[PDB]
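Note that the protein sequences, when read in sequence, are chains A and R. Quick note: to get UniProt numbering, add 364 to the position in the first sequence (first position is 1). Quick note: to get UniProt numbering, add 18 to the position in the second sequence (first position is 1). We put the CB at the ideal spot given by N, CA and C, even for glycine.
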Amino acid sequence: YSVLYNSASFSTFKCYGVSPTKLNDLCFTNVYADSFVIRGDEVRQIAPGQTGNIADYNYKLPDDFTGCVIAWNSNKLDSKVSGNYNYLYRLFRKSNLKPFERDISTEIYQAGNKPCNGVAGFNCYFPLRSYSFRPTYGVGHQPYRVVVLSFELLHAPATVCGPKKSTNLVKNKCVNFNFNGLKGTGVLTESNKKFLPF
Amino acid sequence: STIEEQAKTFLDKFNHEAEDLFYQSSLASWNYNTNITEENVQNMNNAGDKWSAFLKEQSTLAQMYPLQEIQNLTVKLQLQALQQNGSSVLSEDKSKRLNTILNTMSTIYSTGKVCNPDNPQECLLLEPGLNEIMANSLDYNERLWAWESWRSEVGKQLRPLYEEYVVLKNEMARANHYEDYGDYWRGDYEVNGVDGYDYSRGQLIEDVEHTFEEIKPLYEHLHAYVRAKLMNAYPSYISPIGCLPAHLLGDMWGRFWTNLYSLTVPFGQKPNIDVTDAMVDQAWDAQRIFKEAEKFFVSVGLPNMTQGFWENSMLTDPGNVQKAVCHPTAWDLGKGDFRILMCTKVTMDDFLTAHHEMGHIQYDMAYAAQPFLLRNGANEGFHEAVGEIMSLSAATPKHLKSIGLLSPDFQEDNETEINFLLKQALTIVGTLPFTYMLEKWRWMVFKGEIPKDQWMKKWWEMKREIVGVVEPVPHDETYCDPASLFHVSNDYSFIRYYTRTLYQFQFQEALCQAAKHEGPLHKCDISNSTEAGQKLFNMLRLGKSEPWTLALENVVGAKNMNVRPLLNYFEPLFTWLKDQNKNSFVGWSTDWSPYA
Ligand SMILES: *[C@@H]1O[C@H](CO)[C@@H](O)[C@H](O)[C@H]1NC(C)=O
Ligand SMILES: *[C@@H]1O[C@H](CO)[C@@H](O)[C@H](O)[C@H]1NC(C)=O
Ligand SMILES: *[C@@H]1O[C@H](CO)[C@@H](O)[C@H](O)[C@H]1NC(C)=O
Ligand SMILES: *[C@@H]1O[C@H](CO)[C@@H](O)[C@H](O)[C@H]1NC(C)=O
Ligand SMILES: *[C@@H]1O[C@H](CO)[C@@H](O)[C@H](O)[C@H]1NC(C)=O
Ligand SMILES: [Zn+2]
Numbered sequence: 365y366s367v368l369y370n371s372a373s374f375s376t377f378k379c380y381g382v383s384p385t386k387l388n389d390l391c392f393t394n395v396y397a398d399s400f401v402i403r404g405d406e407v408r409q410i411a412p413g414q415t416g417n418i419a420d421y422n423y424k425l426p427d428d429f430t431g432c433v434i435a436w437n438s439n440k441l442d443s444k445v446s447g448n449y450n451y452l453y454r455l456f457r458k459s460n461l462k463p464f465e466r467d468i469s470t471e472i473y474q475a476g477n478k479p480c481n482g483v484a485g486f487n488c489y490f491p492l493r494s495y496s497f498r499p500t501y502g503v504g505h506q507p508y509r510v511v512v513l514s515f516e517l518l519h520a521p522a523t524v525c526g527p528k529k530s531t532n533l534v535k536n537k538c539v540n541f542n543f544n545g546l547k548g549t550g551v552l553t554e555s556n557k558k559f560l561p562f
Numbered sequence: 019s020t021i022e023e024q025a026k027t028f029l030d031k032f033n034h035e036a037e038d039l040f041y042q043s044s045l046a047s048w049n050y051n052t053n054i055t056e057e058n059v060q061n062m063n064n065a066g067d068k069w070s071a072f073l074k075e076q077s078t079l080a081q082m083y084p085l086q087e088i089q090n091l092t093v094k095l096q097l098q099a100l101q102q103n104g105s106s107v108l109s110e111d112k113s114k115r116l117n118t119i120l121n122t123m124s125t126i127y128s129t130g131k132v133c134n135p136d137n138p139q140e141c142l143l144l145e146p147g148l149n150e151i152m153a154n155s156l157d158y159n160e161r162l163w164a165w166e167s168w169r170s171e172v173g174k175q176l177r178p179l180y181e182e183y184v185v186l187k188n189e190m191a192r193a194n195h196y197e198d199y200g201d202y203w204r205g206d207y208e209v210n211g212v213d214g215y216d217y218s219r220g221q222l223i224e225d226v227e228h229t230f231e232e233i234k235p236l237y238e239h240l241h242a243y244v245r246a247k248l249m250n251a252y253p254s255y256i257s258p259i260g261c262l263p264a265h266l267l268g269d270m271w272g273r274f275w276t277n278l279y280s281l282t283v284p285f286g287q288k289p290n291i292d293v294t295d296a297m298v299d300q301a302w303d304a305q306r307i308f309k310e311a312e313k314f315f316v317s318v319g320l321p322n323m324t325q326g327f328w329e330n331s332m333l334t335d336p337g338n339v340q341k342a343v344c345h346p347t348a349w350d351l352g353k354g355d356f357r358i359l360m361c362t363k364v365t366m367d368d369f370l371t372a373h374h375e376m377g378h379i380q381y382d383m384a385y386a387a388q389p390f391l392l393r394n395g396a397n398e399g400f401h402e403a404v405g406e407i408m409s410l411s412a413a414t415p416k417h418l419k420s421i422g423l424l425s426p427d428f429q430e431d432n433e434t435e436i437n438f439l440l441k442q443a444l445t446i447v448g449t450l451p452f453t454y455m456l457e458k459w460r461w462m463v464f465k466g467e468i469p470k471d472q473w474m475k476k477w478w479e480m481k482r483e484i485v486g487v488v489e490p491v492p493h494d495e496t497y498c499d500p501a502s503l504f505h506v507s508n509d510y511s512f513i514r515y516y517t518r519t520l521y522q523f524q525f526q527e528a529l530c531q532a533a534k535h536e537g538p539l540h541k542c543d544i545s546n547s548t549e550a551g552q553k554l555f556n557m558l559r560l561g562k563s564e565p566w567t568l569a570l571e572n573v574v575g576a577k578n579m580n581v582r583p584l585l586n587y588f589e590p591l592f593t594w595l596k597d598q599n600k601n602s603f604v605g606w607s608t609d610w611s612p613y614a
């Protein structure tokens, strides 16, 4: 967690439940990364206890979420002269989404009281549509890449525990030492015993 | 589900789908109005096809959501705007003549040719013709010459088409069941369903007459003043008490009186305020004018501009081979895109215009959070009532001193104030009676009071008893003076110029209390008062989600239009006008005539 905190190339970098540093050397069972691209103004909606299209019908964040969120502008990549129609997003869904739930269906919404029969029209509409990003759009509509990182801890060994800092060693003078988690005090001297390879 | 949420879904779909379609049309429009060429004309057509076609379909499927079964006010207002037919209620056979008459009127009004009799060598048409010459010319015959020629050509060749146009517009409006075309246009100011804010369509006329009656002493005093002062440059041909001629009132139609200050100066030998010399000596660029216009809005109550306006807007005339039409306008393309189209020189007029344009930009972005169909002013007049008050605050001799243009050692004398008041009252005050009289003539023509025969006679005698204008030649009922007008030949209204005139003064006086300012109302300059900017924000950000009366009351505290601020602007001018009108009789007598 150093090429992230130190590099000031990020428009929004916020950690909920943990501090950026200090707690950057405590570890968990698993790391989960969710990555996507939204518009400039939707990056606000990505927070616990938020309402809206992105926060409900596209991706729901639990109120007790613990993790971090990164969001930075991507207008130099996701902007095209003819329009960036590649990104799709949803309006028409019958129920709100659970936390960490996804729906990728293309069902025509039965908004009215008559079966749509799979065709759009009056009271029958397509559920997914595109941004169509343009180079001349404002920051409120410019594309932003957003990634959320979640940490999972259980009754597990938790084998992802960050880098460890080390210092050079001196000899022939009694000192304190932490040899690979072994705390001791005394003189370290060259030896000639035969340790087995393990 | 019920009809309410289905209508909500359709509204959301329309709001999403209209935005991207409108953006390309706006981009094409900016490209043309910035770079004129043959190849950038299909885009208009292309855009003028797609968007346009889309629009009609969104009116085709939007009428199956009756407003009776909806109890939310905002969506009711939205449905009212999108359920209107337009011209599709007319059949195709009757719609192929309305557009034909519109094309004929536009072409004939744009096609001008005024020539002197028995002299086919020289002609001067509209521009650089009629407007330029008969504003600085002291020849009676020359002034009455183009005056008669333009009416004898355009009036003759447009009166029969005007006769058909009146009845066609009445029929197309009655197909929409307002009562006729007059109520068609007077329903723009309609608010219903809100207690204490609802308003009727017919009360507009009487309410306008109310404010009209409370300015007549000023109008009569200035009428006698200008008549007496033009009796000097023109020795005679003017009644001691009577109507001024139509060819001695500045422009052709008498609707603007800016061209009369040359002959009528209150106090002479005293140059007015001029800071353009300071601008040209120390050589500001084309930007710092707009940056000061920027910093004014920054300081008062408003945030500063985004980066897009500073790299996507043309500020200086390009010249060269790339042609650009100079017509200062504010452009809101969409998706957070704002720009200004204008060419600037080093002038004080451009300094004042930059404030107006910046106010328009900041007004457009103010309601950017509203839905797509509510991104507009309260009516067609509040939009110009927002950025125009800046020119009232950008012309005071205190902000110019503060920014370092007007001689920080200047002493403002008792003589310049009345001169400035007359100069700026020749424009705002001198146009209300003629404009509203023209609107009243249009209204009575469309309503049905006046048959087609006694049209000009009533027009010409309203020119006498209301405006105080006499015929330089007795006209018969073969011309059509209204047909030769810009917004009458082409289909536009004139009511917006009246309420706006009273809006720009009504808001100002409110901020004049919010600025803690002391002194005459004309010197009221808002500065360093975040409270005034806060109140301005509290009315700009609403838009069409609330009634216009509510927006007015939020600042002025009135549910109806009032004229008192306009006279509160004009106490020194009124006193000075009555000061030098005590030796001659005030008023006009509608019996004198140049032709007797
Ligand atoms: C203006 O349009 C013409 C097309 O006739 C084009 O050649 C020229 O490059 C354009 N100018 C600019 C500044 O885009
Ligand atoms: C009316 O519609 C607007 C638009 O979404 C909504 O904000 C408002 O809550 C609605 N009115 C009521 C009483 O819910
Ligand atoms: C606008 O004002 C903010 C102060 O909140 C400042 O940081 C920013 O640089 C300003 N931008 C411009 C273009 O002046
Ligand atoms: C306060 O007013 C003075 C004079 O009107 C002006 O020069 C100054 O810029 C104003 N303050 C700010 C912060 O703009
Ligand atoms: C300016 O002062 C003079 C001197 O007393 C006075 O006569 C004049 O009326 C003043 N100006 C106005 C507009 O009253
Ligand atoms: Zn304007």
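At a cut-off of 8 Å between beta carbons, R/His373 makes no contact with chain A. Less than 8 Å separates the beta-carbon of A/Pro426 from that of A/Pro463.
At a cut-off of 8 Å, the C-beta of R/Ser19 has a neighbouring C-beta in chain A.
At a Cβ-Cβ threshold of 8 Å, R/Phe356 and R/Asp335 do not count as neighbours. When only Cα atoms are considered, A/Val445 and A/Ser496 end up about 10 Å apart. Within the region 223 to 257 of chain R, not a single complete beta strand (DSSP E) segment reaches 3 residues in length.
Under the three-state reduction of DSSP, R/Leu424 is assigned to coil, being neither helix nor strand. The alpha carbon of R/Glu310 has as its nearest neighbour, out of R/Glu589, R/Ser411, R/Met190, the alpha carbon of R/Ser411. For R/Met82, the number of other beta carbons within 10 angstroms of its own is below 16, and it is reported as exposed. At a cut-off of 8 Å, the C-beta of A/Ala475 has a neighbouring C-beta in chain R. For A/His505, the nearest CB of chain R lies under 8 Å from its own CB, placing it at the interface with that chain. By alpha-carbon distance to R/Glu227, the top candidate from R/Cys133, R/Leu439, R/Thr517 is R/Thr517. 8 Å or more divides the Cβ of R/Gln388 from the Cβ of R/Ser113.
For the region 69 to 90 of chain R, residues whose beta-carbon sits nearer than 7 Å to a beta-carbon of chain A comprise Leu79. Residue burial is scored here from C-beta neighbours: R/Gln522 has at least 16 other C-beta atoms within 10 angstroms and is therefore classed as buried. In the pairwise beta carbon analysis, the region 173 to 180 of chain R is classified as not touching the region 88 to 101 of chain R: fewer than three pairs are separated by under 8 Å. Check the Cα spacing between R/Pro565 and each of R/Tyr217, R/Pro500, R/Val185: the tightest is with R/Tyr217.
In this structure, ligand 5 has no non-hydrogen atom nearer than 7 Å to the beta-carbon of R/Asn599. Only residues of its own chain outside the window of five on either side were considered, and among them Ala532, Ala533 have a CB closer than 6 Å to the CB of R/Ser547, listed in chain order. A/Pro479 is not bridged by DSSP to any residue. Secondary-structure assignment with DSSP links A/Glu516 through a beta bridge to A/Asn394. Around the beta carbon of R/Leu156, fewer than 16 other beta carbons sit within 10 angstroms, so the residue counts as exposed. At a threshold of 7 Å, R/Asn330 does not count as near ligand 3, since its beta carbon sits no closer than that to any of the ligand's heavy atoms. Assignment of R/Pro500 by DSSP, reduced to helix, strand and coil, places it in the helix class. Following the DSSP letters along the chain, one finds A/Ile472 in no alpha helix (DSSP H), marked with neither H nor E. Here DSSP, grouped into helix, strand and coil, assigns A/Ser494 to strand. When 7 Å is used as the limit between beta carbons, A/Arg493 is near these residues of chain R: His34, in chain order. Within 7 Å of the CB of A/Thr500, the CB atoms of chain R belong to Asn330, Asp355, in sequence order along the chain. Within chain A, no residue has its CB atom less than 8 Å from the CB of R/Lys234, the nearest being about 50 Å off. Rounded to the nearest angstrom, the gap between the Cα atoms of R/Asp30 and R/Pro426 is 56 Å.
The C-alpha of R/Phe464 is placed about 11 Å away from the C-alpha of R/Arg192. Taking a contact to require three or more Cβ pairs closer than 8 Å, the region 323 to 334 of chain R and the region 549 to 562 of chain R do not qualify as touching. Annotated three-state conformation of R/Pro263 is strand, per DSSP. In summary, R/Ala251 is exposed, with fewer than 16 beta-carbon neighbours lying within 10 Å of its beta-carbon over all protein chains present.
Residues of chain R whose Cβ lies closer than 9 Å to the Cβ of A/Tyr489 are, in chain order, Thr27, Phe28, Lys31.
The residue among R/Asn572, R/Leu179, R/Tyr202 with its C-alpha nearest the C-alpha of R/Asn188 is R/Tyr202.
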